[PDB]
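Have a look below at one chain only, the form solved without this ligand, in structure tokens format.
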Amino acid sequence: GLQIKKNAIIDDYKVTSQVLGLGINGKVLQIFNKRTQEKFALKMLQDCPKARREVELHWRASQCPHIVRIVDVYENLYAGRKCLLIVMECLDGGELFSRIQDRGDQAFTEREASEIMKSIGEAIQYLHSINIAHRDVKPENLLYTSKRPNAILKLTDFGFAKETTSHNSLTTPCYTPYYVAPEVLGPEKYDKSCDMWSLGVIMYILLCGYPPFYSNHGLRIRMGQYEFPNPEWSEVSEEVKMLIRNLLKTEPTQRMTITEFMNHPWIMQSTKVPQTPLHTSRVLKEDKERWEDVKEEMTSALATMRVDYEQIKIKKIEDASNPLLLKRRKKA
């Protein structure tokens, strides 16, 4: 599908030194197309099979309106290392929550939240339907296409995306034994289910300005114990709450799927949605560094909710050897 160009990228783009920021494998630089002088952004990855899959999948995703568009993909040597240079639609606006943060405040209303969430759910609906899970939907990957009001919200960063099996799930039954069943291993069940969990957690922050997470210090509430603390959640409809809850269902198979989500009235009928204001903009202001902790834990939680397929398997126990294992077996 995608054709990767083999020429020097400098042939085509003036590769500026000014910096757009810092990523995982890449320091992203601003660039310009020579012929057309449009402005873009260049992201680098080291060229291996992991990098080519992120590349491939994010290619396929680029046809979606709410996913950041890949414009071109070069393979050049950069300082003697193979690399995929990836050229991307510039994303001016900044993170989603940094925006809502800054306000007149013209007030932040619940229907805005609904549009913002219909946006992301389109991005996610697109992916799942052609069988891709992003698996890393969080605040730092939802960026705006400019600082203007006419700005579109885009989903970026496929470092973790992967294709999965479209596989209708066990609608887990109402009556069940006291005793614990044998686990049927099937990792592919954490793929799409991870973006639904994401969808929940963001939607929750969107409507109050703080995570559904617990706190370390134990039971001025700024952490929903997966509950909806008044005043912020006083006004928010109870239908919305049922949503957040089906999305945050602990169980991957039991948890809400994206089309069930896109049908939900609070998204679909995004427009006759109660227009109540929300404390989000204000709370987000409140403590700056506390947001920073929201982001760190969202990231760690995503990390356990999804499967690292790039991990070692344990030998059958007998096939194993190590120091302690050889001391004990000796004496046994």
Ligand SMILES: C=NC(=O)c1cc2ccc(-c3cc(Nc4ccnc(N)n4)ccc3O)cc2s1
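For the two forms, the rigid core is made up of the largest set of C-alpha atoms that agree within 1.5 Å on superposition. Position 1 is the first residue in the sequence shown; the rest follow in order.
Other entries lacking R222, at least a third: Negative; every one of those entries includes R222.
Other compared entries missing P231, a third or more: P231: modelled in all of the comparison entries.
Size class of the missing deposited segment between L219 and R220: In the deposited sequence, 4 to 9 residues between these two have no coordinates.
245-253 set against 161-169, stretch whose average Cα temperature factor tops the other in the entry: 161-169 has the higher mean C-alpha B-factor.
Between 148-156 and 131-139 (mean CA B-factor, as deposited), the higher: In the deposited entry, the stretch with the higher C-alpha B-factor mean is 148-156.
Top residue by Cα temperature factor, when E75, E122, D195, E239 are compared in the entry: By C-alpha B-factor in the record, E239 ranks first.
Maximum C-alpha temperature factor, selected from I258, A107, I202, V71: The C-alpha B-factor peaks, among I258, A107, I202, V71, at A107.
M44 - which third its CA temperature factor falls in, relative to the rest of the chain: Within its chain, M44 is a middle-third residue by C-alpha B-factor, going by the deposited values.
Third of chain Cα B-factors occupied by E292: CA B-factor rank for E292: highest third.
Entry-reported Cα temperature factor of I86, expressed as the chain third it lands in: Ranked within chain, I86 CA B lands in the middle tercile.
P182, C-alpha B-factor rank within chain (lowest, middle or highest third): Its C-alpha B-factor, which the entry lists for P182, ranks in the highest third among residues of this chain.
Chain-relative CA temperature factor third for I314: Lowest third, going by the recorded CA B-factors of the chain.
Omitted here: the form deposited with this ligand bound. The next part is about that form.
One residue of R60, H66, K43, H279 in contact with this ligand, assessed in the bound PDB entry (non-hydrogen atom, 4.5 angstroms): The residue in contact is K43.
Contact assignment for this ligand in the bound PDB entry, among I116, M88, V236, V73, heavy atom within 4.5 Å: The option sitting close enough to the partner is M88.
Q269: touches this ligand in the bound PDB entry, heavy atom cutoff 4.5 angstroms: No, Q269 stays farther than 4.5 Å from this ligand in the bound PDB entry.
Heavy atom of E163 within 4.5 Å of this ligand in the bound PDB entry: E163: no, not in contact with this ligand in the bound PDB entry.
This ligand contact in the bound PDB entry: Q30, any heavy atom under 4.5 Å: So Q30 counts as contacting this ligand.
Distance check, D92 to this ligand in the bound PDB entry, heavy atom within 4.5 Å: Contact check for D92: yes, within 4.5 Å of this ligand in the bound PDB entry.
Candidate stretches 260-268, 282-290, 296-304, 22-30 - the one whose heavy atoms come within 4.5 Å of this ligand in the bound PDB entry: The contacting stretch is 22-30.
Residues in 281-297 with any heavy atom within 4.5 Å of this ligand in the bound PDB entry: Counting only heavy atoms within 4.5 Å of this ligand in the bound PDB entry, no residue of 281-297 makes contact.
Position that moves between the shown form and the other one after core superposition, taken from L57, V273, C64, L29, with Cα shift of 2 Å or more: The answer here is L29.
Large Cα shift (2 Å or above) at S237 between the shown form and the other one, core-fitted: Stays below the 2 Å threshold, so no.
Shift of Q225 between the shown form and the other one at or above 2 Å (CA, core fit): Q225 C-alpha, core-superposed: shift of 2 Å or more.
CA-CA separation of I24 and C83, closer or farther in the bound PDB entry than in the form shown [shift of 3 angstroms or more]: Compared with the form shown here, the C-alpha atoms of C83 and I24 sit closer together in the bound PDB entry, by 3 Å or more.
In the bound PDB entry, shift in Cα separation for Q18 relative to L96, 3 Å or more: More distant in the bound PDB entry, by 3 Å or more.
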